[PDB]
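S.K.: What follows is a single structure, and I will ask about it in a moment.
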Amino acid sequence: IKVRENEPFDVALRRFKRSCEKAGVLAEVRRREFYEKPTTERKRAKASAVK
Amino acid sequence: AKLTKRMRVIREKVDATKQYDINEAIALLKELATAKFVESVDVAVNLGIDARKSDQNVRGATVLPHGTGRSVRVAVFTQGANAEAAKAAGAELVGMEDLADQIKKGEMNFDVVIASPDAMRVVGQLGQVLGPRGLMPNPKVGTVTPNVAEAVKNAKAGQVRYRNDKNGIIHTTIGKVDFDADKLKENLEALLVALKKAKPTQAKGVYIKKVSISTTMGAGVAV
Amino acid sequence: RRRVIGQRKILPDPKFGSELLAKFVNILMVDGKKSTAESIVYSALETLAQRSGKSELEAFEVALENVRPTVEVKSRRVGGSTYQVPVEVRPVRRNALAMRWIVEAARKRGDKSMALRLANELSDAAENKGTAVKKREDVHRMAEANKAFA
Amino acid sequence: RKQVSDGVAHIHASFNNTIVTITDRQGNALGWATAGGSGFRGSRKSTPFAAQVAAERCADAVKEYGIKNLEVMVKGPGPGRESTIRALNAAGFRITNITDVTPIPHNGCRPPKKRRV
RNA sequence: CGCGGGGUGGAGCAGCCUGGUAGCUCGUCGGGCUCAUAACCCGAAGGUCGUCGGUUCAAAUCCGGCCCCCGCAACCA
RNA sequence: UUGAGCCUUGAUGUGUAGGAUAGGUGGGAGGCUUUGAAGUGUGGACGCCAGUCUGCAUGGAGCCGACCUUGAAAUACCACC
């Protein structure tokens, strides 16, 4: 995870709720070097039903 | 140094390096006293003779005009008329089986204990309570004998008892600093000639390595 | 694993209203008779006033407020290997652990009257010497040289 | 020497060791401690206890320098990070400058399932 | 020609300054373990801690002698 | 900068058990403290966790053996090593 956040924490991190297995987070979208591309999709949003 | 006021005022009379002749200092020994208890002059001898081997261990006692610096209260364990002979010679308490209960329970008002050989059957049961006090009689050093009247008198007349310590050293008192300094040169020879007759059987060549003499927490004297 | 269990806190003693005396007669219960234990513990004060026991407010409190156990010993696994590790004593056996250390020390002693062996064991806890009080100290002295694991 | 009331620090924790070092901004050594200096070995040398005791051994090396605030750097993933930072208060320190100095050294990846636990 | 240490079930070693007190490894007779065999672990059986003096309520032990061992050792005509 | 050595200074002693860190060894009851401890607490330090040293709030000549108990054996106050 490689984080630099310091001071007011306990219990040796893993602070994000539902981060691995059966979602969250990512692997939606696991193949072809696109692993971190759904974070970009849900930030460039705008609508999700597009024509 | 760093020294206490009681002794700092005595350095106002005496030199820190000089050891004084016992034939010349005869008015000075009484003059360097400062304590709230009685100060003495004591002899320190270096040995030997072998510094480890217990076959060359030195033990004994010697008679002196003032003994240990006081008179002693002597007790005698003896049955029948021979006890009255020790009571008239130097004993202040006569002992029997009735007294062996008190000594074992813890109470004893005497400096020396003497016994006769047929009375020593009782005293043999006190060897572990009289042991750690040096108070137990033993035939092998003469403190058990039929002539108990002369043995209580030997203690009451004033004697000092000794034995050498670790690595071969021995220390004994030879007078109070207030007592006649003229006699120190006389009584020292009576102590030395008697300690020199106490040489071990397997002693060879030499016996004394060094002699020193000093006052309680005070200056040294020369011979 | 699962469970999550129901637990019991037991009935108080029918003379004094004390549940601490009730747990003491339960640890003193042998052969299931249970009335026998009432006649052994708190059945005399004249036998505690025979030794070190001073006034009735201390005739049972010498097994309660006189001590505080904290840890137990034995080994525990950490990763791929086992180590000697002091473990945290649970907060309701905390006040009822020394009851076994007193009842065992009296029961296994060869000195006749059991009602008197127990009053003598309470007297030897009122001086804070040897039995039960050193069974607290021995494991605390161990845990003062064993701290890396819990 | 003399009172300075200033210094800099380094605190590291891994899954095999933990250490504490205090120095000056002119490069002078002021105090050091390690879990091996605390006398620990093997699977016990990375514990959060081994880190919290080493923190006070370094606070005893700097004791005459007058230091209450020092500029800290933090290294390594190990749980000794959390107890060595709490031990700054048991050392008498109150901080205003602290940064993570751990090498990244590349992008990502794959957070583990062991250590913790 | 001398000195230090040693004498303990079947072989080789403890020690000291807890004197109220025989410890051990190795083997042997048996288990754990094992598909056995190796590696590691621990029950059981058997001896006067030599020997003559000594202190003592008491020494295999300490203090004196002896003897056999194990290591070091020196000189006048 | 330090090897060896000598004075000065300061403290050594907890086999083991509890009230208790009984050094050796010989004495011995009135001897020592007035920035001086007691005693419960926020603190510092060595630790064999018993003890001791220092600081502050304080209170200000005690305290101790003998008594009472523990043990073959003592436990204020002290030479000597």
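Read-outs: derived from the displayed coordinates by stated rules, not from any lab. With ideal geometry, Cβ positions are generated from the backbone for all residues, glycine too; neighbour counts draw on all protein chains shown.
S.K.: Work the Kirkwood hydrodynamic radius out for the protein assembly as shown: mean of 1/r over every pair of different alpha-carbon atoms, inverted, in Å. Walk me through the numbers on the way to the answer.
M.R.: Numbers: mean 1/r = 0.0291 Å⁻¹.
Taking every pair of different Cα atoms in the protein assembly as shown, averaging 1/r and inverting gives 34.4 Å.
S.K.: Would you mind checking the range D:91-117 for residues with the amide N under 16 Å from a putative spin-label position 7 Å along Cα→C-beta of A:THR40?
M.R.: No residue qualifies, since no backbone N sits under 16 Å from the label point.
S.K.: Around B:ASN109, what is the net charge, scoring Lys/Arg as +1 and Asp/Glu as -1 over all other residues with Cβ under 10 Å from its Cβ?
M.R.: -2
S.K.: Still on this structure, please answer the following. What does the charge add up to near B:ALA44, with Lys and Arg as +1, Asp and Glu as -1, over the other residues with Cβ less than 12 Å from its Cβ?
M.R.: 0
S.K.: Then there is this: How many Cβ atoms of partner chains, on average, are near each residue of D:44-50 if near means within 10 Å of its Cβ? All intermediate terms of the calculation are to be shown ahead of the outcome.
M.R.: Values: counts 5, 1, 1, 5, 3, 4, 2.
Partner-chain Cβ atoms within 10 Å, mean over residues of D:44-50: 3.
S.K.: Arrange the peptides B:33-41, C:77-85 so that the one whose residues have, on average, the most other Cβ atoms within 10 Å appears first.
M.R.: Values: B:33-41: 13.6, C:77-85: 11.4.
Going by the mean number of other Cβ atoms within 10 Å, highest first, we get B:33-41, C:77-85.
S.K.: Now a separate question. Translational diffusion coefficient, Stokes-Einstein: compute it for the range C:1-131 using the Kirkwood radius over C-alpha pairs as Rh, at 4 °C and 1.567 mPa s, and state it as an integer in µm² s⁻¹.
M.R.: Values: Rh = 16.8 Å.
Taking Rh from Cα pairs, D becomes 77 µm²/s.
S.K.: Tell me the mean residue ellipticity at 222 nm calculated for the protein assembly as shown from its helices only (DSSP H runs of n ≥ 4, each -39500 (n - 2.57), averaged over every residue, nearest 500).
M.R.: Working: 14 runs with 123 residues, N = 541.
Computed mean residue ellipticity for the protein assembly as shown: -6500 deg cm²/dmol.
S.K.: In µm²/s, what is D for chain A at 4 °C and 1.567 mPa s, where D = kT/(6 pi eta Rh) by Stokes-Einstein and Rh is the Kirkwood radius from Cα pairs? List each step's numbers first, then the result.
M.R.: Working: Rh = 13.9 Å.
It comes out at roughly 93 µm²/s.
S.K.: Turning to a different aspect of this structure: Only four residue types carry charge here, +1 at the Cβ of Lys and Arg and -1 at the Cβ of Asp and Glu. Report the dipole size of the range B:90-135 about the Cα centre in Debye, rounded to the nearest 20. Don't skip to the answer; put the middle values down first.
M.R.: Numbers: 4 positive and 7 negative charges, 44 e Å.
The dipole magnitude comes to about 220 debye.
S.K.: Using only Cα atoms, tell me the angle between helix B:184-197 and the longest principal axis of chain B; keep it within 0 to 90° and round to the nearest 10.
M.R.: 60 degrees
S.K.: Counting DSSP beta bridges in the range D:2-117, what percent are antiparallel, to the nearest 5? Walk me through the numbers on the way to the answer.
M.R.: Numbers: 11 of 19 bridges.
About 60 percent, rounded to the nearest 5.
S.K.: Would you please name the trypsin sites (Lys or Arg not before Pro) within the range B:94-184 that are DSSP coil residues with at most 12 other C-beta atoms within 10 Å of their C-beta?
M.R.: Numbers: sites: B:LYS104, B:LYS105, B:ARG121, B:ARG133, B:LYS140, B:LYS153, B:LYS156, B:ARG161, B:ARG163, B:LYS166, B:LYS176, B:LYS183; in loops: B:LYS166.
Sites meeting the loop and neighbour criteria: B:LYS166.
S.K.: Only sites in a loop by DSSP and with at most 11 other Cβ atoms within 10 Å count here; which GluC sites (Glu not before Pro) in the range C:1-105 make the cut? Provide the component values of the computation, followed by the final result.
M.R.: Working: sites: C:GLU19, C:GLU38, C:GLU46, C:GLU56, C:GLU58, C:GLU61, C:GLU65, C:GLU72, C:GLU88, C:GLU104; in loops: C:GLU46, C:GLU65.
Counting only loop positions with at most 11 other Cβ atoms within 10 Å, the GluC sites (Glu not before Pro) in the range C:1-105 are C:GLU46, C:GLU65.
S.K.: List the trypsin sites (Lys or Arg not before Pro) in the range D:47-117 that DSSP assigns to loop (not H, G, I, E or B) and whose Cβ has at most 16 other Cβ atoms within 10 Å. Which are they?
M.R.: Values: sites: D:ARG57, D:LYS63, D:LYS68, D:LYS75, D:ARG81, D:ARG86, D:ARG94, D:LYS113, D:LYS114, D:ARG115, D:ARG116; in loops: D:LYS63, D:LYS68, D:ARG94, D:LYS113, D:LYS114, D:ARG115, D:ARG116.
Answer by residue number: D:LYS63, D:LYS68, D:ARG94, D:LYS113, D:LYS114, D:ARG115, D:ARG116.
S.K.: State, as an integer percentage, the relative contact order of chain C based on alpha-carbon contacts under 8 Å between residues 6 or more apart. Display every interim value, and only then the final one.
M.R.: On the way: 144 pairs, mean separation 35.6, N = 150.
It rounds to 24 percent for chain C.
S.K.: Counting pairs of alpha carbon atoms under 8 Å apart in space and at least six apart in sequence, what relative contact order in percent does chain B give? The partial results should precede the final answer.
M.R.: Details: 355 pairs, mean separation 87.2, N = 223.
Value for chain B: 39 percent.
S.K.: Modelling each spin label as a point 7 Å along the Cα-to-Cβ direction, I'd like the C:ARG1/D:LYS2 distance in nm, to one decimal.
M.R.: Placing both labels 7 Å beyond Cα along the Cβ direction yields 7.1 nm.
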